Amino acid sequence: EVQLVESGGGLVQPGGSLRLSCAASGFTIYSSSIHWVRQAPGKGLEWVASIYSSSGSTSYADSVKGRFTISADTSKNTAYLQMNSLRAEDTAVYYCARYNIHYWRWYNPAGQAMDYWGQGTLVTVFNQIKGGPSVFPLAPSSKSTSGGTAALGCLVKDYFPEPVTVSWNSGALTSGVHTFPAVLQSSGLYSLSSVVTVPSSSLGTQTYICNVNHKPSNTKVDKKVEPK
Amino acid sequence: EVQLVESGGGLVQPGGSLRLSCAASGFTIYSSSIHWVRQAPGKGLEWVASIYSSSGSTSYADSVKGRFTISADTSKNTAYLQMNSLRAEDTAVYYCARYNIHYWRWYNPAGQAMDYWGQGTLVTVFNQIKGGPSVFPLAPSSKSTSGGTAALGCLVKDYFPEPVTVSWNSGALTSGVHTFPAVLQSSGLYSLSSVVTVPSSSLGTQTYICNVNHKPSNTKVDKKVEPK
Amino acid sequence: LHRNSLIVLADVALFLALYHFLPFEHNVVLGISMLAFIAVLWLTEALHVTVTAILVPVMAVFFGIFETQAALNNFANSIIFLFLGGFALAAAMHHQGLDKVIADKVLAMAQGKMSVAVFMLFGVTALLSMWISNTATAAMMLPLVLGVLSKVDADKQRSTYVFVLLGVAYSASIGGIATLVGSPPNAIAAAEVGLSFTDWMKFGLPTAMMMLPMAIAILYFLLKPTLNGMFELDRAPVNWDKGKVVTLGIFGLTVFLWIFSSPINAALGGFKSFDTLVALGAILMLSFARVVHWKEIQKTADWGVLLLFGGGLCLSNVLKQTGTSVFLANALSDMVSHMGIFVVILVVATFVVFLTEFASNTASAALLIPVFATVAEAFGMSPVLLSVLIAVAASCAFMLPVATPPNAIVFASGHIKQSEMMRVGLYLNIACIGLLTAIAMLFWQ
Amino acid sequence: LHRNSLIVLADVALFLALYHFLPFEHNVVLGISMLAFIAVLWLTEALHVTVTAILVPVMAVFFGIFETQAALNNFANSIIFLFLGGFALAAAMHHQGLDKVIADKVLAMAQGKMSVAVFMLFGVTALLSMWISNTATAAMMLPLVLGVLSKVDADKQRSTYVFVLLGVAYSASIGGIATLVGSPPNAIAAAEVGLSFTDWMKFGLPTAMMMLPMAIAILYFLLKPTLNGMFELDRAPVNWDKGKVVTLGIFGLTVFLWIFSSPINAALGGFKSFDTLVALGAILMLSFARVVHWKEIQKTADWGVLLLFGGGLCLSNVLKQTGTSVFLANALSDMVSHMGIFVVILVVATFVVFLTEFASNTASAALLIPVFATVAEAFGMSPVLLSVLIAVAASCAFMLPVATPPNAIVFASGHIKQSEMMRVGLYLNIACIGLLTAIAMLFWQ
Amino acid sequence: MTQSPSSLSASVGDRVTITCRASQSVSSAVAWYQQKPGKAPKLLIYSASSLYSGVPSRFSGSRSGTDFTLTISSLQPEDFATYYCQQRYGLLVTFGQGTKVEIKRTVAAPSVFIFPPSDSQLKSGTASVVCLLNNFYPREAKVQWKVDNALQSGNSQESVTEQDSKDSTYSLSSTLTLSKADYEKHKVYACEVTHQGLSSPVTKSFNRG
Amino acid sequence: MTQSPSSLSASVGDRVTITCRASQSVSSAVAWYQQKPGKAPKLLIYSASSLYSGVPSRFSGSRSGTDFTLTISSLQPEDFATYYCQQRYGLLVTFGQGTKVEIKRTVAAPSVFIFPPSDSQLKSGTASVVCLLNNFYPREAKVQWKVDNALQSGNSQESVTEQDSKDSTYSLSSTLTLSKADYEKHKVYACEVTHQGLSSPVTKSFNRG
Ligand SMILES: CCCCCC(=O)OC[C@H](COP(=O)([O-])OCCN)OC(=O)CCCCC
Ligand SMILES: CCCCCC(=O)OC[C@H](COP(=O)([O-])OCCN)OC(=O)CCCCC
Ligand SMILES: CCCCCCCC
Ligand SMILES: CCCCCCCC
Ligand SMILES: CCCCCC
Ligand SMILES: CCCCCC
């Protein structure tokens, strides 16, 4: 019945501009406060802005004053967040929630505190492209654990936007796999690792190969881990 | 917002039984009357039954008393019409409408007279099958209109349920075509005609062939109208 | 112990016996039992009519039909505030001595002739009962009548007293038929079928002007008075003073907004119950003009009636929800199929006209208008017609003492018997049945 | 021409000037202007407080905020009917002579000692003002006090008269703090924040029992009376009779349902406003038991208050819809950020406590409880606390004549001055500010 | 209840009226419906005259006693449909016999043809003699299946199209369904056709081979 | 506002508590949220303690002044998520720093390995030395990237998984990102690792070829 759909989130450059929309259904923006909440890249929830349209009363966070601007036109239902002068430290997953305040004493689908958020619009302030997810084998040391297990991995180097999928031997080894979350390098290019644990004896009877699926640039690479 | 979906309508034999359901949305059956309306095969609207569930008060038509039985369980929303002792003169397209009566003085999506019906469930009381739509050419008389136009057709004989599609030369001639409505033969087998108008001169330069599409029995036949 | 207490306990036993032994769907039987209970309580007047109104919601909640507030909101229908504005205006033009001065200014036009002053009294009484009330104006006028008739004898030519007083009370009960304000049953009907002021005057005023001369005629012919005489009224005459012309301006403006309320509303923005907002505006104009003080409006108005409107509306909403009305309509389908409409309204008018003589007008209306309006919504009939008919007939209480207070005010004096009222009111109630039936069968077309 | 008329016209000019010159969003400025207008009308009491209540909807419709009925339904909140049941019980135990017999049965326990009978009077007055009223019980008790003090002198030892009478009126205005019924501001608060009976007693009764002895102490110490003496009361003593014990049973049962209303409601089916249904049931029990007749309940109750509740609720709903309250909350965010909560409730209590001396209690509450409850819903604060505080402080009108009627009832007699009331009420209002602040800061935790 | 007239020939822009007589003078619950072929009825008027939300103002109603009535001021091309009156009395309803408004035009000359049965009819034991009436005006063609001055009632079927969309005319395909020897034991086959556009009923006779 | 504790190690069936201190003693608008990784927060409590419609009764709240508090009586396996407090004051909100509850287990022995860079690193001019810590307990492993008794701060990146679903342990893949000649001009490469399960920080050193 009730839902909020968030749109307008995508790629941006620093000193740029974007504009998120939060179309509502099941209630009226006129009778509730709309709340724009950027979470973070790999961190905790952070609040950004808010609006009560019945009055036009807006409250921005101390970190975004001359940079953001919230707005709302009733008569369909909306709550626009115009982001301006976007900085490098603003890439995130903006959610749009509703907070009812007044309880209204007659009837409303109104909820009372941020019950109904949405799904999230990811905005990625951006510097440079032409990073295809280079691939980079990791050789288990020749003196690997004797009579034990040795783990080896493939490194995904210098790539851009999420996601990148790295499955070992086309789903043949989903046991002992670990696809680490992506980390942002000092140059704005992501790079993760994908590792597998295996006995030190069965290493030679198979070739371990990781499929680097990347849709943005349509890349598929497969590196052969061949210890010397 | 508001809608009524009608189900349970299909093939039946005389002396048989069926049961139509009319699931509602956008209102409550508790606060309105439900009305079951069989139209007819190729005739005008006819009323059949009605129910007001708040009281359990049902009204059947004078033609269906010991043969039908309407009912309704609230708590999802429904209005069931159990048809029993179905006769040959009962094949039709049953609709399910809502009639609000009382205007309620506070609020309701209630409408006031049969505003919101549905789409129709077709029930076809039935005797005998194994009629594939036989096809049957019609020869323009050898003395056809001189310097004028002569129409010729293909007859679809001894077939069962609707629909049957008859297009001439695979859509090559949609001008002057006439696909008559189906007529019920004394033996319970439908049979229609499909005709095309054409000049008496251009008859010989083309072969006129009608595609008898019938999904129930998966038939496709094409008759070559070849005047002697 | 007491009589009415036995009435109530027998009522409860009846309600339980219905609730338990009536094999139906639970809501049908519940509504049937509540209807029987409320009816026996609103006819016999065991409990004050308004106490029963209050009891309707309490049994519409304690049995799950409604949520408390969804029931209590029946006591705030805009018609209630329209009648509150009517009470405010009555208090203004009573406290400010407007009704009395109107009466004295009319009688004086009849220089000294009773033969025309009595008809002046009837016209005045039906001209004030529109707004003020039916009881209050009769009480106000009875002294004027006695002043008119202090010259003539009380035992020799007594038919003159009977004529004057009965015509006065009849005229009050009639003039109550000419405006939403004027008599509660008007408002009960309007609220039950959503009527405006001037969308009810269309049924009321013609009926009142066609029924008042009728009643005066039947009095003049069943009684052979001696209305010839001269006229000596002993009281300090009255005159216009500031505060009365202000009240007249406010009253005329309020009536003007009430009559031309659709053209004005459209020219203002289209608000739902603009007659009620006119009423409230009349209260505010009066208070800001200081002609009346809310203490008068609270000492005068009959808030019991204003709770009764809500109680009757809740009963209507109960018979709606439970589908009781439809259950009846389906049960009475054959009889009303054979019976046309003329017979239907004839039966309804006869029943209420001969009922309100024994019961009250306001209670009988509050009881029946819901019942018959819902049963008519079921049958397809227009609830407007039947509700208006039961609100116009319930006022016809012309037969005996307390059926309306006015009759009893008059028969306090002792110059009229009971048998004469019974005869006159019988003939009048028959004629009024005829008139209601005719003007209804007309409004149908 | 008149003074209040100039007040109203200046108010209208102010409202227009706001509406036109306040550059905001239309609904913010509309709500601001309505709030100013209504406030100036509810403090100065130019128009009868209830007339302004009625005027609130008329300006909530004529400017498109609400649909007529959505506004008029504010006058049917279940708290209104709870107070109507309270008025019914007051009328029962007044008409049936229950309050008077209670008083006489208490005084007699103090065989002949005034020194304990005056404190008996204070306890009794605060024990009846819970239910009956604040004005009515003070009027009823003043004669009893004079009977207590007919022995002693009126000019030589006058401090005793001042003590007795002020303690009585103070006790009425206080005991009004101990039950929803007892004083309207209780109900205004409850309706604005949805409170039950026993969910408001938790704030009221402890406050009343901690503030009444306080006030008695401050009277006994600012005034050095001569309360030693003997006691001769001259009136035909009273005794229990059937119709009074019945009323006591009904009253005790009603209070019992009111207190244990959640456990009972859960054991009945869980209905929303079961205290109000208890009130209505009390009306019905009384009427079916014949101790009271609705005529008393209509002559006694103050329907102006019952329309005021709706008017204040509509103002609350206006400040809600227009988002005016949020506009203010955002405008006052910094000041209230620096100010804690202790300071907030201190300021609120001080303001209302020193306000209701000049204005009325009921009007001041109806004005502020909406404002501050909404502004607190905006800030996140609990509107329950602030509404209760403004309903408990508005009763504290201890400073001068008409601020509550009781003060003026007492200062009709002439045995107390004005300056003494000003001094006593100043000290008492300071102490009550302290007490309200403390018990609030407690209820917060 | 009973609804008249049965069929209406109305050209665009015209004003048309429909009457429905109730015979139960209690229920003013009459409502009017517009149905297109095969689709669900669309409500226009509900009680007797008061208009529905989503309907043009040209659809007006009236009661006038029990002679309920529907009026279409300006007959637009999309208002060509089948119109029904329903009367609710209690819980039971009953609609009207059906009113059909058709866009009118000049008399058309029915192109009437007669066909024999194909030789593959003559193995299953039946003959379907087709008498076609193409591009002709409204409905009145009683196809008299005439042979040897012998009529065969009952075994004469008729099927017509709706009103065409380019010339707003009708087309009829009757059918004489006959037995095997019955087809063999007669040689001549003709369908006489009567219409307003034919001063003389034309018969298209033929012989087998 | 400020929310403690940062991280919670709680086994199933346990009772856990969370505190959130406001520092604005006006708003009792504190609400508590349960977020799963990447998904939208789910509300539990709204004002300070009163429960939401669609939430278990084990999620209780309390105010106790400005020390708002959340309590989970029986910690079920689906209640392992990230918990936040928000305080509305007027129109502006601010959530808590984040609380994370993780299903606890015994000390694990970190399988710590060290890797060199593949030869195709050595053409683009960079080396990514990978120090892996697989199947180890909660979080505390400051991977000291130690060479020639030389630490390189800033150029040490770390990436961990969430809590696994079969053994409820963590896996860490640090990375020393180094330049080309910087990789060539050093031979030895080791990552020292500290954990509760290792009484001695183990270093896995290696040489190039
Ligand atoms: C007015 C005094 C009521 C006297 C009792 C009474 O009316 O009888 C019960 C009826 C219907 O129940 P039933 O007798 O049809 O059940 C018999 C089936 N076996 O209830 C009603 O319909 C009351 C409606 C009155 C409204 C004016
Ligand atoms: C009570 C008497 C009212 C006196 C007039 C008054 O209050 O001034 C206008 C204010 C706010 O408008 P503003 O002056 O801030 O606009 C100035 C911006 N230029 O209105 C209010 O906030 C009234 C609220 C009172 C409730 C108790
Ligand atoms: C004084 C009442 C006047 C009413 C006039 C009504 C004419 C429609
Ligand atoms: C006579 C009033 C009694 C109130 C008792 C309240 C105890 C919680
Ligand atoms: C017998 C009277 C029936 C009432 C029709 C509304
Ligand atoms: C300055 C008082 C602010 C009110 C807080 C509700």
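Residues numbered from 1 in each chain as written, not as in the entry; some residues may be left out. Chains lettered and ligands numbered in written order. Heavy atoms only, no water. Residues with missing side-chain atoms left out of burial classes, pairs and counts.

### What about the overall build of chain A?
Check the secondary structure of chain A and you find 0 helices and 18 strands. Its C-alpha atoms give chain A principal-axis dimensions of roughly 75 × 40 × 30 Å. Within chain A, the proportion of its 228 residues that are buried is 49%. For chain A, the share of sequence-separated contacts (at least 6 apart) that also reach a separation of at least 24 residues comes to 57%. Carbon together with sulfur atoms contributes 52% to the accessible area of chain A, which is approximately 10,000 Å² in total. Across chain A, the 17 positively charged side chains and the 12 negatively charged ones have centroids separated by 5 Å. (Helix = DSSP H or I, 4+ residues; strand = E, 2+ residues; numbered from the N terminus. Buried < 20%, exposed > 50% of the residue type's maximum accessible area, 1.4 Å probe, protein only. Contact = heavy atoms within 4.5 Å. Areas by Shrake-Rupley, 256 points an atom, 1.4 Å probe, with all protein chains shown as cover. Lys, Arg positive; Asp, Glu negative; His and termini not counted. Charge placed at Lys NZ, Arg CZ, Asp CG, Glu CD.)

### Some thoughts on the interface of chain B and chain E
If you look at the interface, chain B gives 40 residues, while chain E gives 41 residues. When the buried area of chain B at its contact with chain E is split by residue, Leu45(B), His178(B) and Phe180(B) rank highest and sum to 17% of it. Summed over the shared surface of chain B and chain E, the number is 0 salt bridges. Our enumeration of links across chain B and chain E arrives at 13 residue pairs in polar contact. (Buried area = accessible area lost by both parts, 1.4 Å probe. Salt bridge = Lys/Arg side-chain N within 4 Å of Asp/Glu carboxyl O. Polar contact = N/O pair within 3.5 Å; in protein donor to acceptor, adjacent residues only side chain to side chain.)

### A closer look at the site of ligand 6
Residues and elements named next belong to chain D. In the vicinity of ligand 6, the residues found are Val-336, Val-344, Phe-372, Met-381 and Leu-386. Computed on the free molecule, ligand 6 has an accessible area of 250 Å², of which 86% lies beneath the protein chains in the complex. Tallied by class, the residues present in the shell around ligand 6 amount to 5 nonpolar, no polar and no charged. (Near = heavy atom within 4 Å. Nonpolar A, V, L, I, M, F, W, Y, C, P; charged D, E, K, R; others polar.)

### A few points about the pairing of strand 9 (residues 92-99) of chain B
All names here are of chain B. In terms of residue burial, strand 9 counts as a mostly covered element, since 7 of its 8 residues are buried. Pairing of strand 9 with strand 10 (residues 121-125), which is carried by 3 bridges, proceeds in the antiparallel orientation. Looking across to strand 10, one finds that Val-93 is bridged to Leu-122. (Pairing = 2+ DSSP bridges.)

### Re the relation of the copies chain D and chain C
With an RMSD of 0.0 Å, the fit of chain D onto chain C corresponds to turning through 180° and sliding 0.1 Å along the axis. Those values place the two copies in the arrangement expected of a two-fold rotation axis. Comparing contact sets, 100% of the residues at the interface of chain D also lie at the interface in chain C, consistent with an isologous, same-surface contact. (Least-squares fit on C-alpha atoms.)

### Comments concerning the domain arrangement of chain A
Many descriptions give the size of an interface as the accessible area lost when the pieces come together. In terms of domain boundaries, chain A breaks down into domain 1 (3-125) and domain 2 (134-225). The C-alpha centroid of domain 2 of chain A is placed 38 Å from the C-alpha centroid of domain 1 of chain A. (Domains from an automatic or database assignment.)

### Describing helix 22 (residues 405-413) of chain D
Residue and element names in this part refer to chain D. Within helix 22 the residues assigned to the buried category are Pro-406, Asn-407, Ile-409 and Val-410. Projected down its long axis, helix 22 carries its buried residues within an arc of 160°, all on one side. In this fold, the buried residues of helix 22 make contact with helix 8 (135-148), helix 9 (159-175) and helix 23 (419-444). A positive phi of about 100° marks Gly-414, the residue just after helix 22. (Arc of directions from axis to C-beta.)

### What about the domain arrangement of chain E?
All names here are of chain E. For chain E, the domain assignment lists domain 1 (2-102) and domain 2 (111-207). Taken over C-alpha atoms, the centre of domain 1 sits 36 Å from the centre of domain 2. Listed as interface residues are 4 residues of domain 1 and, on the opposing side, 5 residues of domain 2. Across the interface of domain 1 and domain 2, roughly 360 Å² is buried in total on both sides, 42% from carbon and sulfur atoms. Area buried by domain 1 at its contact with domain 2 is led by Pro-37, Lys-100 and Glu-102, which between them contribute 85% of it. In this structure, the connection of domain 1 to domain 2 is made through 2 residue pairs in polar contact.

### Notes on the arrangement of the chains
There is no contact between chain A and chain C; across them, the least C-alpha separation is 9 Å. Of all C-alpha pairs spanning chain B and chain D, none lies closer than 9 Å, and the two are not in contact.

### Focus: the sheet that holds strand 4 (residues 33-38) of chain B
All names here are of chain B. Spatial ordering of the open sheet is given by 2-10-9-4-5-6, a layout of 6 strands whose pairing is mixed. Looking at the sheet topology across the chains shown, the edges are occupied by strand 2 (11-12) and strand 6 (57-60). Pairing of strand 2 with strand 10, which is carried by 2 bridges, proceeds in the parallel orientation. Bridge pairing in strand 10 links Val-12 to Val-125.

### Description of a nonpolar patch on the surface
Taken together, the side chains of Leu332(D), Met335(D), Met339(D), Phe342(D), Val343(D) and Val347(D) define a hydrophobic patch exposed on the protein surface, amounting to about 490 Å² of accessible area. Take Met339(D): it is sitting in the loop between helix 18 (333-338) and helix 19 (342-355). (Patch = residues over 30% accessible without salt bridge, like charges linked within 9 Å, V, L, I, M, F, W, Y side chains within 5 Å.)

### Things to note about the interface of chain D and chain C
Residue-level contacts link 43 residues of chain D with 44 residues of chain C. Taken over both partners, the interface formed by chain D and chain C buries close to 4,200 Å², and the fraction arising from carbon and sulfur atoms is 73%. In this structure, the connection of chain D to chain C is made through 0 salt bridges. The tally of links between chain D and chain C comes to 12 residue pairs in polar contact. By residue class, the composition of the side of chain D that touches chain C is 23 nonpolar, 15 polar and 5 charged.

### Observations regarding the packing of aromatic side chains
Taken as a whole, this structure holds 69 aromatic pairs over all chains when the rule is applied. Measuring from ring centre to ring centre gives 4.7 Å for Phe126(B) and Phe160(B), while their planes differ by 70°; the resulting arrangement is edge-to-face. Separated by 34 residues along the polypeptide, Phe126(B) in the loop between strand 10 and strand 11 (134-137) and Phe160(B) in the loop between strand 12 (149-159) and strand 13 (165-168) bring together distant segments of the chain. The same class applies to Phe126(B) and to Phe160(B), which are both buried. Arranged with centres 5.8 Å apart and planes meeting at 70°, the rings of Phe15(C) and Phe63(C) form a pair that is edge-to-face. Of this pair, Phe15(C) sits in helix 1 (residues 3-21) while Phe63(C) sits in the loop between helix 3 (49-61) and helix 4 (68-72), placing them 48 residues apart in sequence. (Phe/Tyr/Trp six-rings, centres within 6.5 Å; stacked < 30°, edge-to-face > 60°.)

### Quick look at the sheet that holds strand 16 (residues 170-173) of chain F
Residues and elements named next belong to chain F. Reading across from one edge, 10-12-16 is the order of the 3 strands in this open sheet, with antiparallel pairing throughout. Each edge of the sheet is formed by a strand with only one pairing partner; in this case those strands are strand 10 (111-114) and strand 16. Averaged over all adjacent pairs, the angle separating strand axes in this sheet is 5°, with direction ignored. (Axes fitted to C-alpha atoms, helices over the stretch in contact; angles between N-to-C directions.)

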